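To start, the structure itself, in structure tokens.
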Amino acid sequence: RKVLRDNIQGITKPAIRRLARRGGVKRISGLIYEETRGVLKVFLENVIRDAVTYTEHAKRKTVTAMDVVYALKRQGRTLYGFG
Amino acid sequence: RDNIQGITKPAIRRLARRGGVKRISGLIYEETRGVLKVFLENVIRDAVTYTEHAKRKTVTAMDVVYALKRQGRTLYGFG
Amino acid sequence: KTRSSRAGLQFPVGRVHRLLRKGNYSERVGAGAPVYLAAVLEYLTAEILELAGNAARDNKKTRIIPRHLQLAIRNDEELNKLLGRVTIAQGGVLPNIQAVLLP
Amino acid sequence: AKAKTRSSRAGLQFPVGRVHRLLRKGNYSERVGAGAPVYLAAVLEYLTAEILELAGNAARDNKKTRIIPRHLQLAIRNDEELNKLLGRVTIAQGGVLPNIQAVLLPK
Amino acid sequence: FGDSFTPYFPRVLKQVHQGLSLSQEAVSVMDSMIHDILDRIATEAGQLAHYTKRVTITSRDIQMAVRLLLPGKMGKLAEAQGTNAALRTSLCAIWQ
Amino acid sequence: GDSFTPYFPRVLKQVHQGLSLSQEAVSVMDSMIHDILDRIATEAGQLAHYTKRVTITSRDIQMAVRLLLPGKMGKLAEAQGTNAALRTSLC
Amino acid sequence: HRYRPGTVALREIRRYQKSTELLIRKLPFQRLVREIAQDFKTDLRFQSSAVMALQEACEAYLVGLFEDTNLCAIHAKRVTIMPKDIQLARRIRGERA
Amino acid sequence: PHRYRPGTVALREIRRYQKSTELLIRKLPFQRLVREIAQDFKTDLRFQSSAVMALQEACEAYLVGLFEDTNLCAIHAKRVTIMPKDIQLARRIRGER
DNA sequence: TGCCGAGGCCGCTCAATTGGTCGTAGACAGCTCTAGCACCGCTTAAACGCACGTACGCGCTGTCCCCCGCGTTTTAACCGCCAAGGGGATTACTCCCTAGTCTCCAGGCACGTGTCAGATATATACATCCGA
DNA sequence: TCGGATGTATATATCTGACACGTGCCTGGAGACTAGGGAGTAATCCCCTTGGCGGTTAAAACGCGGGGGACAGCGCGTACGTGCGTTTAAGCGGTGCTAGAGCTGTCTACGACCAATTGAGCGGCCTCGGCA
């Protein structure tokens, strides 16, 4: 149907570099990339797990912005601009 | 006043030992005194606000636990 | 006359009254409690909007955007401690560089 | 009549009526469901059994037969799930887990 | 629709600025933030009233919850705002 | 007041029969049970509020506890709760 | 030409500290979200607003963790972040015990 | 004329104070401190002994947590002697300054 | 230099406002007796100073290696547009659930009742650490 | 350094004190009933979202030099652990007062529910100057 494989590479090296520049750091070691990919992976794991549980409780096959904003609010990292 | 000096050097030394450190710098004493005074100030403010709302003059342990819980770090063994 | 007008305020006290009575924060609400709550909300809005309007007009722009709200929040210790874990959409950065980074 | 208890019907050891009263008292909503206090009692008893089993191990291995908060914090810190649930709690009479950074050890 | 504060965010600028205007994006952010602060202060007032064993959530409950949330500087200012608002409501009655 | 203190010895006896709680271990255990129950309850409450319902059902508690706990202990709690639910359903 | 290493680096720090457009390409992040999601419940669906919110939140979390690990690496008198820095900054924040 | 090698006594007292559980700050000084720091918030107050004990326990836990964190910090910079900069870094990463 | 957001216009309808009812939350008064407070003195555990050695924090220096910046090449993100049908959101209605009430009864509670494991202090042998 | 000194878990007799146990009881938990509405179920409709396809191009990949910076070594001088002697004030246990927590009552304004009214800002226009 919609089988998927290896999207973690979507967060490319220059994207991580631009994110770090936004963070305000000059140099970057080569080993930073894969581990920050893993960090993003586990963060998204927790966030979207809470979100999808919220959805399932509502008996909705789709995820809405309210779902993820509630998940993030519970995560101790609230969000604005969406309801 | 100097009542902050009640938290003496060997006291916080043993405290850091329980924390798991081997060496201490002399200025750590003053720095820890400062941060501890800040933490007190905050928790005591919240507790005294709770009490003032309850229209009381003492400070029940229950309102202290309320203040700690609301501050982020809860506390057990006191109900 | 309306209570909101009777209070000399700008927020509709009926709205916050309905919110409280719907927010199930208690079984019953007080008489003046919604008035006081509208007052504190109006004051907070006035303060944050002052800060945002300043942080926007100094940028030579006449349209407050969430970037300006981020500037206003991250430049006030009180609002920060109140809204530290907030991540506004189309915002979320404060311009600052550490000392040891510059040559 | 016939005097049968809901907790007894559930084969549990927690008072389901008590947690029902707690729920209705905490005004968490306007009305509570039938099976909701039953499920809550079940999950609470499971949590209690688990943490008490862990503390009992962490005490009996310590050659003592009396659970004190020290053993409770042993059991809490010695589990990742309990940590993720109770890592933001400071048990009375403390008893931080004993650990030492390997770099501090001598030659 | 929604029954929110958005019809009032612009009409307060005239008391704080002159020419600036809200963007259609930022107004929603401000509205959501105001709803969030409203909820965060109301739950604190309710928890306080429950702690004092009372069930009514009256003015004094909010007056204490606001200083419990907001620290000294802005807290006392908001408190004074609420107090003078209560005064203006009291002095304005059927007799005016 | 009403709490769980007279129950901890009961549940303990079925897992570590050769043991005994202290006079404060029961207190800290009771406070812990109280606050985690309050946490689960308020989670289920502000969860049922989202779906515009006003009640709190066993399904709400199930979703809340799965949303509040990670995989292993979460699923084990779900199993325990479902077993209790069906047991009550039997009688 | 070839600028001395460091000059161009500072430019892309002060520049991105003003604009706020997303730094991660939309489609790859959206596909990654779909991937990490499908394991929990199969063949889900997402409102574009929802995945945009995911991207915003993740960007904020990453930039926060990165400025924190930058502080870390500075404290070690270095100017190059390293995996140990990330690990320390995460342990102090309290998500890895 | 025997004398222990420098450092060993520190390890031994670490093992001790980590195995033990009792408080570490003298009661009356901490109580006097709570008194003098409370009277300015509201004058002429009273304190249940259990309440000041709870303050003591909470403060001990907070300090020991901050200390193990700052120890990790100071280790990260190849040192073994915690310095105030370590405290500032730990507090900033924990997010209260 | 261009066209869309917003000032100014006018008509509507439903949420705010008034008046009123009545059940009750609690404000207030009063009494009790509990725990906190201030103090009294005694013992000594612990804090304080000091001297001393030495472990290491730091600063410097040299090396070697590995990110940056740039140029070129590839690629897939993106944007527009078109389908399309899945389910999000909506209204209507019934029914099955809960709140609340009254009655009834046993689980937990408070009481006294024994009762044996748990902390104390002294002596034992061991783990460890540091000196050739 | 291996052996000797020192801190430490180990064995053994004590009492005592928190804890297992039988006895009334009562009050909260359970049973049964009813009345009313929250929501469970079901059409439906149309919003959007998922699929796809073409260009087109900004962005990612790859490579290459080269310089800055990470890192190992060392030395050196200082700040801190260690230990012993000294002061002090914490903690010990009584002891006495009393302000205030806490429990009871009760009377009153106070706040939810509700019938009736209206104008305020909400829907949709008309039109003008600034944000892009």
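Going by Swiss-Prot, the residues shown for chain D are 13-119, listed in order.
Looking at the header, which is where the method is noted, we find electron microscopy, 3.3 Å.
Cβ coordinates come from backbone N, Cα and C, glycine included.
Residues or ranges marked as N6-(beta-hydroxybutyryl)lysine in Swiss-Prot: D:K14 (among others). The secondary structure of D:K14 (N6-(beta-hydroxybutyryl)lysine), as reduced to three states from DSSP, is coil rather than helix or strand.
The number of other Cβ atoms within 10 Å of the Cβ belonging to D:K14 (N6-(beta-hydroxybutyryl)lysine), over all protein chains shown, comes to 3. Per Swiss-Prot, the feature ubiquitin cross-link maps to D:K14 (among others).
Non-local contacts of D:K16 (ubiquitin cross-link) by the CB criterion (under 8 A, 6+ apart in sequence, same chain) are absent. Per Swiss-Prot, the feature ubiquitin cross-link maps to D:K16 (among others).
The Cβ neighbour count for D:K37 (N6-crotonyllysine), using a 10 Å radius and every protein chain shown, is 10. Per Swiss-Prot, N6-crotonyllysine is recorded for D:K37 (among others).
Summarising the annotation, Swiss-Prot assigns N6-(2-hydroxyisobutyryl)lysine to D:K37 (among others).
According to DSSP, D:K75 (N6-(2-hydroxyisobutyryl)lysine) is assigned to coil rather than to any helix or strand. Other C-beta atoms found within 10 angstroms of the C-beta of D:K75 (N6-(2-hydroxyisobutyryl)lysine) number 6, with every protein chain shown included. Annotation comment: Swiss-Prot describes D:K75 (among others) as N6-(2-hydroxyisobutyryl)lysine, evidence class experimental evidence.
What Swiss-Prot lists as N6-(2-hydroxyisobutyryl)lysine is D:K76 (among others), and the listing cites experimental evidence.
Residue density at D:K96 (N6-succinyllysine): 14 other Cβ atoms are found within 10 A of its Cβ, drawing on all protein chains shown. Annotated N6-succinyllysine per Swiss-Prot: D:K96, in sequence order.
Residues or ranges marked as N6-(2-hydroxyisobutyryl)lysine by Swiss-Prot on the basis of experimental evidence: D:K96 (among others).
For D:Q105 (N5-methylglutamine), the same-chain residues 6+ apart in sequence whose C-beta sits under 8 angstroms from its C-beta are D:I80, D:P81, D:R82. The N5-methylglutamine feature in Swiss-Prot is assigned to D:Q105; the stated evidence is experimental evidence.
Its Cβ taken as reference, D:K119 (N6-glutaryllysine) is surrounded by 2 other Cβ atoms within 10 Å in the chains shown. The feature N6-glutaryllysine is assigned by Swiss-Prot to D:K119 (among others).
Taken from Swiss-Prot, the feature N6-crotonyllysine applies to D:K119 (among others).
Under the heading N6-(2-hydroxyisobutyryl)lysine, Swiss-Prot lists D:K119 (among others), citing experimental evidence as support.
Residues annotated as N6-(beta-hydroxybutyryl)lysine in Swiss-Prot: D:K119 (among others).
Each residue contributes its Cα atom, and for D:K96 (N6-succinyllysine) and D:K76 (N6-(2-hydroxyisobutyryl)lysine) these two points are 28 Å apart. Secondary structure at D:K96 (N6-succinyllysine), taken from DSSP and collapsed to helix, strand or coil, is helix. Among the modified residues D:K14, D:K37, D:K75, D:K76, D:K96, D:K119, the ones with a Cβ under 8 Å from a Cβ of chain F are D:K96. The DSSP secondary structure for D:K37 (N6-crotonyllysine) is helix.
Of D:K37, D:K75, D:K76, D:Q105, D:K119, listed as modified residues, those near chain B by the criterion of a Cβ under 8 Å from one of its Cβ atoms are D:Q105. Within the set of modified residues D:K14, D:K75, D:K76, the entry lying nearest in space to D:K119 (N6-glutaryllysine) is D:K75 (CA atoms). The Cβ neighbour count for D:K76 (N6-(2-hydroxyisobutyryl)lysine), using a 10 Å radius and every protein chain shown, is 13. D:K14 (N6-(beta-hydroxybutyryl)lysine) sits 47 Å from D:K75 (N6-(2-hydroxyisobutyryl)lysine), taking the C-alpha atoms as the reference points.
Less than 8 angstroms from a Cβ of chain H: among the recorded positions D:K16, D:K37, D:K96, D:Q105, D:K119, that describes D:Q105. For the pair D:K37 (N6-crotonyllysine) and D:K76 (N6-(2-hydroxyisobutyryl)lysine), the Cα-Cα distance reads 39 Å.
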